[PDB]
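Contents: one structure, followed by commentary.
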Amino acid sequence: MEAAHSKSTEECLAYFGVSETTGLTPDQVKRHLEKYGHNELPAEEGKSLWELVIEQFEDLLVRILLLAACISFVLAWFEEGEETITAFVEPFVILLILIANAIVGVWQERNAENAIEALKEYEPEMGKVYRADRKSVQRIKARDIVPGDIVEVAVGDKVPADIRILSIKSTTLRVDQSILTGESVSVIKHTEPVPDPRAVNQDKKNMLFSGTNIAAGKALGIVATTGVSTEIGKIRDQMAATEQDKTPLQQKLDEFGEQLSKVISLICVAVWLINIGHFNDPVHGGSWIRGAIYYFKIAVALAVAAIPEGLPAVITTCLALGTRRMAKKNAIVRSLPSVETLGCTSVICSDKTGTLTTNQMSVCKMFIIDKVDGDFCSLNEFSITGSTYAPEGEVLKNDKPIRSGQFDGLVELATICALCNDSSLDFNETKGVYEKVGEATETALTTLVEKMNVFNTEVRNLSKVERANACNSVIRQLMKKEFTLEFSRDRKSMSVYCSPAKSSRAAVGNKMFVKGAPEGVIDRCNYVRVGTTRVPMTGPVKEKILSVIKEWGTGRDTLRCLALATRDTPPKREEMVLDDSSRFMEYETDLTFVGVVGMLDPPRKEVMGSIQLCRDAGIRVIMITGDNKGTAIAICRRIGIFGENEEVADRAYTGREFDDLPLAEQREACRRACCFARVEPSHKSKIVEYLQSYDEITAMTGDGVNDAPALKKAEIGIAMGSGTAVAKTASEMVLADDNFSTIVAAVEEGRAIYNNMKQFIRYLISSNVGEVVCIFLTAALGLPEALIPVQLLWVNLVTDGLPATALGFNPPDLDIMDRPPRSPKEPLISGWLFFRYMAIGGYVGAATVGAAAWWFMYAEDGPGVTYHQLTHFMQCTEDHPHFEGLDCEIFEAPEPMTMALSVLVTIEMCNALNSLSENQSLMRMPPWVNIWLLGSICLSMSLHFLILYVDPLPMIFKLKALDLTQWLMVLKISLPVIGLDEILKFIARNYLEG
Ligand SMILES: Nc1ncnc2c1ncn2[C@@H]1O[C@H](COP(=O)(O)OP(=O)(O)CP(=O)(O)O)[C@@H](O)[C@H]1O
Ligand SMILES: [Ca+2]
Ligand SMILES: [Ca+2]
Ligand SMILES: [Ca+2]
Ligand code: NA
């Protein structure tokens with residue numbers, strides 16, 4: 001339907017040939033499905049991972065290496081024909097590191113994006129429509145909606161397809177169009193057409209765009225367009241303009257990227273300078289610049305060596321791993337910061353109904369007045385059986401299945417439950433189960449009236465689908481619902497205006513049927529009803545009504561309670577202004593109390609355990625609900641927020657009690673209280689905010705539209721997969737699983753990512769530092785060159801590659817979830833950690849010179865026993881009579897350097913074994929823990945041996961194999977790096993843990 005906003009309701013209805021309250025006939029759906037196709041869009045797949053490769057070479061750190069490899073090719077064509085074989089190998093050692101990391105990155109990324117899409121596709125989105133098939137609105141797959149059928153949407157819902165509003169059942173309809181038109185505040189909608197057929201979306205005050213959300217109210221509409229013709233689907237791929245930012249921790253690390261890029265950049269030019277006197281030597285050529293271009297390459301190489309090229313990748317990787325490990329538990333991570341941030345969470349604020357609880361509602365208990373006389377009041381309690389929304393069960397007065405329509409009080413009771421209710425019940429033929437439509441609290445009421453069957457209607461001969469709303473319909477046919485004063489959380493009630501059907505149908509005039517939070521409703525009653533009788537509300541009656549509410553609520557079943565009243569003589573229809581939902585409370589006055597219903601909503605299985613684990617991880621769990629304080633505290637005990645016999649005077653507050661404290665007090669209350677009840681949507685947001693003023697990382701969990709502000713306000717918000725679209729829109733993560741536990745797992749995972757970044761940094765820094773202090777300790781002790789350009793690039797590629805990246809795969813620490821949360825203040829590199837760096841870096845630096853020197857000094861059996869005084873070697877062509885028959889060439893020998901390059905690689909692979917934990921022992925956390933690391937250690941350890949024993953290589957890399965006893969040395973000097981950190985780990989484990 002083109003430009004449906006231009007034509008009236010009748011024009012659109014007729015245009016498709018549909019009856020407004022009936023909807024398309026099965027043959028109209030078959031036919032329309034063909035002419036219009038299904039209501040969906042072309043999915044997104046992944047053939048060429050090319051765009052996922054470009055991103056691997058975009059970070060600052062990799063570009064510097066990208067430049068390095070580039071420059072090392074400028075010297076390739078400016079190299080003399082003698083060692084060209086080693087001039088071209090350089091660029092490929094700077095690229096081979098980059099490329100290997102690129103693979104693990106893009107690969108890891110493709111995995112995440114896949115588990116994600118497999119979780120998003122898992123659950124088909126539903127829609128609510130009227131089809132001629134069934135008298136009551138039925139639930140269908142969203143992708144089955146065709147232009148033409150009547151669709152129903154209410155608060156919380158997500159618009160399934162471009163819809164022309166036919167009717168607005170509430171006094172207002174608001175919509176979150178942000179995703180489309182871009183406007184922030186919810187916009188009002190109407191049913192009148194907008195003449196301008198060119199008008200912009202923002203002027204279509206009668207349409208509802210697919211993918212937007214109902215912020216408030218309920219409305220019936222006819223579908224105009226679906227699938228690709230939606231003003232949402234026409235701008236899909238033609239959009240993709242949601243520029244993915246960068247997680248706080250990422251920027252933190254990439255910041256730390258230049259913070260090292262500056263330092264490293266300096267130590268390099270701090271080498272090209274401390275060797276300006278060597279630019280002219282017999283060794284490095286001789287020319288006035290031929291020696292300068294050399295040490296320029298010792299710099300550029302030490303740079304490439306020092307720079308952590310794996311940092312960007314490993315972070316990117318650990319993140320994709322997070323999304324993946326979460327998707328594995330049916331948690332959709334809508335924002336990469338989530339897991340990370342959840343790591344730092346110190347308080348988990350959580351909605352009760354449908355979040356902590358299951359939102360499986362069923363009225364098990366109900367009561368009306370029985371007899372009133374003086375200070376004596378009696379109620380007729382009843383019990384109802386069946387726990388699902390199935391119309392199967394009985395009403396028992398005293399263990400005896402009772403005929404509800406026998407008690408006049410119950411007739412009304414049911415009348416109200418049916419009339420004052422924006423929800424229905426639908427039967428799923430596929431699943432063979434009765435499903436709710438709308439809010440559980442309300443459908444619960446729907447099933448109750450079906451069980452009550454007060455007008456002894458013949459239902460025994462009705463299909464499972466018809467039996468669903470039979471008795472409800474019967475009651476509707478007896479009263480015309482004029483308009484509805486929709487539900488509002490400030491009044492905590494909802495009413496409905498009705499008049500008799502025909503000329504008859506109990507023609508006592510007009511009525512309003514009210515239902516809501518027992519307190520509010522009971523106070524607005526001046527009369528209790530006794531059967532068809534009516535008597536003035538008195539202290540004793542009120543006292544009694546309330547006490548039984550209190551019992552059921554704080555009792556073992558911890559029932560959710562609701563009061564039912566009717567206004568016997570409403571105002572005149574005209575005397576009522578239906579624009580201000582604030583005026584609604586007064587139209588709900590001079591009420592007559594009819595009865596109360598208590599519903600059960602069992603708490604989720606994993607909530608108790610999950611909370612206990614949060615307690616251990618140093619994480620609080622506040623309950624935020626609109627429900628009665630009593631039923632709240634009761635539940636809080638059941639799920640383990642409060643002890644079973646704990647005094648909770650200062651730790652439980654109603655919205656009112658809370659607003660009664662001065663601000664500074666309200667703030668403090670958030671720090672000790674763990675239960676807020678009968679609190680509004682502004683309250684939850686305020687609570688969370690308070691917690692944040694103490695600079696805490698706060699999370700919020702919910703499912704209701706009342707949780708949206710909080711969810712948005714909180715650092716990380718988590719929506720139930722069963723909840724509302726609006727709640728989900730406001731969240732950083734959805735529990736499709738509905739499993740409360742996953743929240744904790746996410747928290748563990750977020751601490752994991754962090755510790756993995758730490759060890760990755762601790763490794764790369766302690767290591768690359770020993771490399772620099774190996775060279776500066778060389779020039780300072782006067783000893784000959786320790787290494788050469790390619791010899792650096794090699795140690796680089798072999799120590800700062802897969803062995804480092806693998807750290808990102810380190811498992812969670814032994815006490816990760818037993819320490820309190822990481823203070824957001826805590827600095828990246830601890831003061832004690834920087835000693836640890838230099839204390840380890842200093843060893844490997846002086847353990848690599850002590851090895852090349854061992855080839856000269858105490859050169860046991862090694863050809864060239866120079867012994868004492870090695871500091872001087874430049875004075876051999878001038879003072880040979882100082883060395884006994886020693887050829888001045890043993891100083892240019894490749895053997896001392898090979899001893900060094902091997903101790904380097906080896907001591908580093910040993911050091912990586914230290915990076916499986918921060919402060920845990922290599923025995924407490926065995927090296928075999930991270931298998932991925934070992935496989936990498938060995939891939940490198942081996943990759944190095946190919947250089948030492950495969951003819952063409954040791955030539956290019958200017959090295960010479962070692963005796964099986966010289967390796968015993970390489971080890972004898974490397975393996976003790978483990979004992980050093982082990983001591984440093986013992987120090988920080990018995991004096992400085994945090
Ligand atoms: N559709 C409806 N009509 C009338 N009253 C309703 C209603 N839905 C809820 N109520 C009542 O209004 C009160 C407050 O509603 P609100 O949504 O603020 O709390 P809640 O108890 O439904 C959910 P939660 O625990 O997730 O906060 C409830 O305790 C209930 O008594
Ligand atoms: Ca490096
Ligand atoms: Ca809820
Ligand atoms: Ca290294
Ligand atoms: Na947020």
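How things are named: the first chain in the structure tokens is A, the next is B, and so on; residues count from 1 in each chain; ligands count from 1 in the order shown.
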
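A distance cut-off of 6 Å from ligand 1, applied to only C-alpha atoms and all ligand atoms, picks out the residues residues 351, 352, 353, 442, 487, 489, 492, 493, 494, 515, 516, 517, 562, 625, 626, 627, 628, 680 and 704 of chain A.
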
Keeping N, CA and C atoms for every residue in the selection just given, could you write it to a file as a PDB file, in the first residue's frame?
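What follows is the written file again.pdb:
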ATOM      1  N   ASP A 351      15.814  -5.771  38.321  1.00  0.00           N
ATOM      2  CA  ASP A 351      14.338  -5.800  38.348  1.00  0.00           C
ATOM      3  C   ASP A 351      13.843  -7.097  38.937  1.00  0.00           C
ATOM      4  N   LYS A 352      12.619  -7.077  39.459  1.00  0.00           N
ATOM      5  CA  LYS A 352      12.242  -8.346  40.077  1.00  0.00           C
ATOM      6  C   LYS A 352      11.384  -9.061  39.045  1.00  0.00           C
ATOM      7  N   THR A 353      10.174  -8.569  38.841  1.00  0.00           N
ATOM      8  CA  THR A 353       9.242  -9.370  38.069  1.00  0.00           C
ATOM      9  C   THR A 353       9.759  -9.673  36.659  1.00  0.00           C
ATOM     10  N   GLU A 442      -1.679  -9.644  33.570  1.00  0.00           N
ATOM     11  CA  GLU A 442      -2.999  -9.569  32.941  1.00  0.00           C
ATOM     12  C   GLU A 442      -3.529 -10.871  32.335  1.00  0.00           C
ATOM     13  N   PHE A 487      -3.049   1.779  32.127  1.00  0.00           N
ATOM     14  CA  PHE A 487      -2.220   1.602  33.299  1.00  0.00           C
ATOM     15  C   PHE A 487      -1.085   2.589  33.410  1.00  0.00           C
ATOM     16  N   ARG A 489       2.033   3.894  36.386  1.00  0.00           N
ATOM     17  CA  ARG A 489       2.798   3.542  37.595  1.00  0.00           C
ATOM     18  C   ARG A 489       2.854   4.543  38.734  1.00  0.00           C
ATOM     19  N   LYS A 492      -0.659   3.377  40.025  1.00  0.00           N
ATOM     20  CA  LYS A 492      -0.499   1.936  40.203  1.00  0.00           C
ATOM     21  C   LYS A 492      -1.828   1.187  40.062  1.00  0.00           C
ATOM     22  N   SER A 493      -2.671   1.681  39.170  1.00  0.00           N
ATOM     23  CA  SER A 493      -3.973   1.105  38.908  1.00  0.00           C
ATOM     24  C   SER A 493      -4.318   1.356  37.447  1.00  0.00           C
ATOM     25  N   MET A 494      -5.460   0.817  37.022  1.00  0.00           N
ATOM     26  CA  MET A 494      -5.925   0.925  35.653  1.00  0.00           C
ATOM     27  C   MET A 494      -7.444   0.751  35.685  1.00  0.00           C
ATOM     28  N   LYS A 515      -8.586  -1.939  38.734  1.00  0.00           N
ATOM     29  CA  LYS A 515      -7.705  -2.978  39.273  1.00  0.00           C
ATOM     30  C   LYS A 515      -6.280  -2.437  39.438  1.00  0.00           C
ATOM     31  N   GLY A 516      -5.620  -2.788  40.540  1.00  0.00           N
ATOM     32  CA  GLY A 516      -4.278  -2.261  40.741  1.00  0.00           C
ATOM     33  C   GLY A 516      -3.622  -2.611  42.054  1.00  0.00           C
ATOM     34  N   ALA A 517      -2.573  -1.868  42.406  1.00  0.00           N
ATOM     35  CA  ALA A 517      -1.838  -2.158  43.617  1.00  0.00           C
ATOM     36  C   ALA A 517      -2.812  -2.063  44.791  1.00  0.00           C
ATOM     37  N   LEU A 562      -3.208  -8.094  43.855  1.00  0.00           N
ATOM     38  CA  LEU A 562      -3.924  -7.109  43.025  1.00  0.00           C
ATOM     39  C   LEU A 562      -5.362  -6.920  43.557  1.00  0.00           C
ATOM     40  N   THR A 625      11.884  -2.974  42.299  1.00  0.00           N
ATOM     41  CA  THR A 625      10.558  -3.364  41.794  1.00  0.00           C
ATOM     42  C   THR A 625       9.443  -2.377  42.123  1.00  0.00           C
ATOM     43  N   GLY A 626       8.418  -2.349  41.260  1.00  0.00           N
ATOM     44  CA  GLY A 626       7.140  -1.680  41.616  1.00  0.00           C
ATOM     45  C   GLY A 626       6.313  -2.521  42.646  1.00  0.00           C
ATOM     46  N   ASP A 627       6.501  -3.837  42.667  1.00  0.00           N
ATOM     47  CA  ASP A 627       5.674  -4.646  43.561  1.00  0.00           C
ATOM     48  C   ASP A 627       5.739  -4.266  45.065  1.00  0.00           C
ATOM     49  N   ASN A 628       4.738  -4.734  45.781  1.00  0.00           N
ATOM     50  CA  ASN A 628       4.566  -4.393  47.147  1.00  0.00           C
ATOM     51  C   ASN A 628       5.865  -4.764  47.928  1.00  0.00           C
ATOM     52  N   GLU A 680       9.035   3.800  41.357  1.00  0.00           N
ATOM     53  CA  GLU A 680       8.751   4.171  39.951  1.00  0.00           C
ATOM     54  C   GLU A 680       9.924   3.997  38.933  1.00  0.00           C
ATOM     55  N   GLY A 704      11.122  -4.986  31.674  1.00  0.00           N
ATOM     56  CA  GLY A 704      10.025  -4.026  31.562  1.00  0.00           C
ATOM     57  C   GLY A 704      10.359  -2.682  30.844  1.00  0.00           C
TER      58      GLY A 704
END

Test item: residues lying within 8 Å of ligand 4 with only C-alpha atoms and all ligand atoms, as an MDAnalysis selection string: chainID A and resid 305:306 764 767:768 771 795:800 905 908

Within 6 Å of residue 899 (chain A) using only C-alpha atoms, minus same-chain residues under 3 positions, as a list in words: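 Contacts, with the query itself left out: residues 852, 896 and 902 of chain A.
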
Interatomic distance, CA of residue 445 (chain A) to CA of residue 381 (chain A) (Å, one decimal):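 Answer for the CA of residue 445 (chain A) to CA of residue 381 (chain A) separation: 16.5 Å.
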
Could you pull the residues within 8 Å of residue 914 (chain A), counting only C-alpha atoms, minus those fewer than 5 positions along the same chain, as a compact mmCIF listing (two decimals) with N, CA and C atoms, in the first residue's frame?
# COMPACT_ATOMS: atom_id res chain seq x y z
N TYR A 763 54.52 -9.86 29.66
CA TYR A 763 55.43 -10.63 28.82
C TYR A 763 56.17 -9.70 27.87
N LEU A 922 54.27 -21.20 38.94
CA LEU A 922 54.30 -22.03 37.75
C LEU A 922 53.99 -23.48 38.09
N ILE A 978 62.82 -18.35 35.57
CA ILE A 978 61.62 -18.88 36.19
C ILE A 978 61.71 -18.73 37.70
N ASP A 981 61.25 -14.76 38.85
CA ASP A 981 59.87 -14.30 38.88
C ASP A 981 59.11 -15.05 39.95

Residue contacts of region 158-165 of chain A (6 Å, only C-alpha atoms) excluding same-chain residues fewer than 6 positions away, as a ChimeraX atom specification: /A:191,206-213,221-226,725

Would you put the residues from that selection into a file with C-alpha atoms, as a CSV table (one decimal), in the first residue's frame?
chain,number,residue,atom,x,y,z
A,191,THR,CA,-5.5,8.0,13.4
A,206,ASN,CA,-0.7,7.9,11.8
A,207,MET,CA,1.9,5.3,10.7
A,208,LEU,CA,4.1,2.9,12.7
A,209,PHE,CA,7.5,2.0,11.2
A,210,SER,CA,8.9,-1.4,11.3
A,211,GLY,CA,11.7,-1.7,13.8
A,212,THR,CA,10.6,1.2,16.0
A,213,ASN,CA,9.1,0.6,19.5
A,221,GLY,CA,-3.5,-1.0,12.7
A,222,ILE,CA,-3.5,-2.2,9.1
A,223,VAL,CA,-0.2,-3.2,7.4
A,224,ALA,CA,0.8,-0.9,4.5
A,225,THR,CA,4.2,-2.3,3.4
A,226,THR,CA,6.5,-5.2,4.5
A,725,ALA,CA,11.9,-4.8,22.8

Nearby residues, ligand 3, 10 Å, only C-alpha atoms and all ligand atoms, as number ranges by chain: A: 350-359, 439-440, 624-627, 701-707, 720, 722-724, 727

Filtering to C-alpha atoms, could you give me those residues as a PDB file, in the first residue's frame?
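That gives us part.pdb:
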ATOM      1  CA  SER A 350      18.071  -5.957  39.167  1.00  0.00           C
ATOM      2  CA  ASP A 351      14.338  -5.800  38.348  1.00  0.00           C
ATOM      3  CA  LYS A 352      12.242  -8.346  40.077  1.00  0.00           C
ATOM      4  CA  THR A 353       9.242  -9.370  38.069  1.00  0.00           C
ATOM      5  CA  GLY A 354      10.260 -11.401  35.002  1.00  0.00           C
ATOM      6  CA  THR A 355      13.950 -10.807  35.709  1.00  0.00           C
ATOM      7  CA  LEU A 356      14.684 -12.317  39.121  1.00  0.00           C
ATOM      8  CA  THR A 357      11.340 -14.155  38.775  1.00  0.00           C
ATOM      9  CA  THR A 358       9.994 -16.177  35.882  1.00  0.00           C
ATOM     10  CA  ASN A 359       6.974 -14.020  34.972  1.00  0.00           C
ATOM     11  CA  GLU A 439       1.356  -8.761  30.080  1.00  0.00           C
ATOM     12  CA  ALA A 440       1.589 -11.893  32.247  1.00  0.00           C
ATOM     13  CA  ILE A 624      14.313  -2.776  42.235  1.00  0.00           C
ATOM     14  CA  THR A 625      10.558  -3.364  41.794  1.00  0.00           C
ATOM     15  CA  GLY A 626       7.140  -1.680  41.616  1.00  0.00           C
ATOM     16  CA  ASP A 627       5.674  -4.646  43.561  1.00  0.00           C
ATOM     17  CA  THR A 701      19.005  -6.035  34.771  1.00  0.00           C
ATOM     18  CA  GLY A 702      15.377  -5.919  33.547  1.00  0.00           C
ATOM     19  CA  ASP A 703      12.644  -6.739  31.030  1.00  0.00           C
ATOM     20  CA  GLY A 704      10.025  -4.026  31.562  1.00  0.00           C
ATOM     21  CA  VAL A 705       9.625  -0.599  29.884  1.00  0.00           C
ATOM     22  CA  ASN A 706       9.937   0.647  33.460  1.00  0.00           C
ATOM     23  CA  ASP A 707      13.615  -0.559  33.395  1.00  0.00           C
ATOM     24  CA  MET A 720      15.920 -10.636  29.493  1.00  0.00           C
ATOM     25  CA  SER A 722      11.789 -12.824  27.176  1.00  0.00           C
ATOM     26  CA  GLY A 723      11.392  -9.122  27.935  1.00  0.00           C
ATOM     27  CA  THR A 724      10.308  -6.130  25.917  1.00  0.00           C
ATOM     28  CA  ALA A 727      14.111  -2.934  27.459  1.00  0.00           C
TER      29      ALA A 727
END

Could the residues that lie within 10 Å of ligand 5, counting only C-alpha atoms and all ligand atoms, be listed as a CSV table (one decimal) with N, CA and C atoms, in the first residue's frame?
chain,number,residue,atom,x,y,z
A,335,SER,N,27.2,-4.8,22.5
A,335,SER,CA,28.3,-3.8,22.6
A,335,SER,C,29.6,-4.3,23.2
A,337,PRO,N,32.2,-3.3,24.7
A,337,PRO,CA,32.6,-2.9,26.0
A,337,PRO,C,32.0,-3.8,27.1
A,338,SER,N,30.8,-4.3,26.9
A,338,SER,CA,30.0,-5.1,27.9
A,338,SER,C,30.9,-6.0,28.8
A,698,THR,N,28.2,0.2,37.7
A,698,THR,CA,26.9,-0.3,38.0
A,698,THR,C,26.3,-1.0,36.7
A,699,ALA,N,25.6,-2.1,37.0
A,699,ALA,CA,24.9,-2.8,36.0
A,699,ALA,C,23.4,-2.7,36.4
A,700,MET,N,22.5,-3.0,35.4
A,700,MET,CA,21.1,-3.0,35.6
A,700,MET,C,20.5,-4.2,34.8
A,709,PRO,N,15.1,3.4,31.6
A,709,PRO,CA,16.0,4.5,32.0
A,709,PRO,C,17.2,4.0,32.7
A,710,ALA,N,16.9,3.1,33.7
A,710,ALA,CA,17.9,2.5,34.5
A,710,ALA,C,19.0,1.7,33.6
A,711,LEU,N,18.5,0.8,32.8
A,711,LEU,CA,19.3,0.1,31.9
A,711,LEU,C,20.2,1.0,31.1
A,712,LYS,N,19.7,2.1,30.5
A,712,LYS,CA,20.5,3.1,29.8
A,712,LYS,C,21.5,3.8,30.7
A,713,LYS,N,21.0,4.3,31.8
A,713,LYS,CA,21.8,5.0,32.8
A,713,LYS,C,23.0,4.1,33.3
A,714,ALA,N,22.8,2.9,33.6
A,714,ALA,CA,23.8,2.0,34.1
A,714,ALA,C,25.0,1.8,33.1
A,715,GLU,N,26.2,1.6,33.6
A,715,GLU,CA,27.4,1.3,32.8
A,715,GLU,C,27.1,0.2,31.7
A,716,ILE,N,26.5,-0.9,32.2
A,716,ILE,CA,26.1,-2.0,31.4
A,716,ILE,C,24.7,-2.4,31.8
A,717,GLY,N,23.8,-2.4,30.9
A,717,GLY,CA,22.4,-2.9,31.1
A,717,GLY,C,22.2,-4.2,30.4
A,718,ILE,N,21.5,-5.1,31.1
A,718,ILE,CA,21.3,-6.5,30.6
A,718,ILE,C,19.8,-6.8,30.7
A,730,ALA,N,17.4,-0.6,25.1
A,730,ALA,CA,18.2,0.2,26.0
A,730,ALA,C,19.4,-0.6,26.7
A,731,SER,N,19.6,-1.8,26.3
A,731,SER,CA,20.6,-2.7,26.9
A,731,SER,C,21.8,-2.9,26.1
A,732,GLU,N,22.9,-3.2,26.8
A,732,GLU,CA,24.2,-3.5,26.1
A,732,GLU,C,24.3,-4.9,25.8

Which of region 14-255 of chain A DSSP labels helix (DSSP H, G or I), written as a PyMOL selection string: chain A and resi 14-16+26-36+51-57+60-71+84-86+89-120+142-144+201-203+227-229+248-255

Keeping only C-alpha atoms, write the selected residues to a file as a CSV table (one decimal), in the first residue's frame.
chain,number,residue,atom,x,y,z
A,14,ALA,CA,-11.3,-1.6,1.7
A,15,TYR,CA,-8.2,-1.4,-0.5
A,16,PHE,CA,-7.2,-4.8,0.8
A,26,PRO,CA,-6.6,-18.0,5.3
A,27,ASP,CA,-7.1,-17.8,1.5
A,28,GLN,CA,-6.2,-14.0,1.6
A,29,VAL,CA,-2.9,-14.9,3.3
A,30,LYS,CA,-2.0,-17.6,0.8
A,31,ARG,CA,-2.8,-15.1,-2.0
A,32,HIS,CA,-1.1,-12.1,-0.3
A,33,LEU,CA,2.0,-14.0,0.6
A,34,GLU,CA,2.5,-14.7,-3.1
A,35,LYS,CA,1.8,-11.1,-4.4
A,36,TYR,CA,4.0,-9.6,-1.6
A,51,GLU,CA,37.3,-6.3,4.5
A,52,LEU,CA,38.2,-8.1,7.7
A,53,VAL,CA,41.8,-8.2,6.7
A,54,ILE,CA,42.2,-4.5,6.0
A,55,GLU,CA,41.3,-3.8,9.6
A,56,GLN,CA,44.2,-5.9,10.9
A,57,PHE,CA,46.6,-3.5,9.3
A,60,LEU,CA,49.1,2.6,14.8
A,61,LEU,CA,51.6,0.0,16.0
A,62,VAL,CA,51.3,-2.3,12.9
A,63,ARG,CA,51.7,0.6,10.5
A,64,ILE,CA,55.1,1.5,12.0
A,65,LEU,CA,56.1,-2.1,11.2
A,66,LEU,CA,54.3,-1.7,7.8
A,67,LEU,CA,56.6,1.3,7.2
A,68,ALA,CA,59.7,-0.5,8.6
A,69,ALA,CA,59.2,-3.4,6.1
A,70,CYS,CA,58.7,-0.8,3.4
A,71,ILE,CA,62.0,1.0,4.1
A,84,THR,CA,71.9,-9.2,-0.6
A,85,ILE,CA,70.6,-12.6,0.4
A,86,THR,CA,70.1,-11.1,3.9
A,89,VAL,CA,65.0,-11.6,4.0
A,90,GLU,CA,64.5,-8.6,6.4
A,91,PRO,CA,61.2,-7.3,5.0
A,92,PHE,CA,59.8,-10.8,5.0
A,93,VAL,CA,60.5,-11.2,8.7
A,94,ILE,CA,58.7,-7.9,9.5
A,95,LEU,CA,55.7,-9.0,7.4
A,96,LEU,CA,55.6,-12.6,8.6
A,97,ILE,CA,54.9,-11.4,12.1
A,98,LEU,CA,52.2,-9.0,10.9
A,99,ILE,CA,50.6,-11.6,8.7
A,100,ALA,CA,50.5,-14.4,11.3
A,101,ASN,CA,48.7,-12.1,13.8
A,102,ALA,CA,46.4,-10.9,11.0
A,103,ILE,CA,45.3,-14.6,10.5
A,104,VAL,CA,44.5,-15.3,14.2
A,105,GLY,CA,42.7,-12.0,14.2
A,106,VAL,CA,40.5,-12.3,11.2
A,107,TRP,CA,39.9,-16.0,11.9
A,108,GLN,CA,38.9,-15.3,15.5
A,109,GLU,CA,36.7,-12.5,14.3
A,110,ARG,CA,34.8,-14.7,11.7
A,111,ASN,CA,34.1,-17.2,14.5
A,112,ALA,CA,32.5,-14.5,16.8
A,113,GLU,CA,30.4,-13.0,14.0
A,114,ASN,CA,29.1,-16.5,13.3
A,115,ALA,CA,28.1,-17.6,16.8
A,116,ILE,CA,26.4,-14.2,17.0
A,117,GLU,CA,24.4,-14.6,13.9
A,118,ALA,CA,23.5,-18.1,15.0
A,119,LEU,CA,22.1,-16.7,18.2
A,120,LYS,CA,20.2,-13.8,16.6
A,142,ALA,CA,6.7,-11.8,12.1
A,143,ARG,CA,8.0,-12.9,8.7
A,144,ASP,CA,4.4,-14.1,7.9
A,201,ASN,CA,8.3,10.3,8.1
A,202,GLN,CA,8.2,12.9,10.9
A,203,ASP,CA,4.8,14.0,9.6
A,227,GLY,CA,9.9,-6.8,3.8
A,228,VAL,CA,12.1,-4.6,1.6
A,229,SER,CA,9.5,-1.9,1.0
A,248,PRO,CA,37.4,2.2,27.0
A,249,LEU,CA,40.0,-0.5,27.7
A,250,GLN,CA,41.0,-0.5,24.0
A,251,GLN,CA,41.7,3.3,23.9
A,252,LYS,CA,43.5,2.8,27.3
A,253,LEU,CA,45.8,0.2,25.7
A,254,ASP,CA,46.3,2.0,22.4
A,255,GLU,CA,47.0,5.1,24.4

Residue among A:802, A:561, A:719, A:546 lying closest to ligand 2, counting only C-alpha atoms and all ligand atoms: A:802
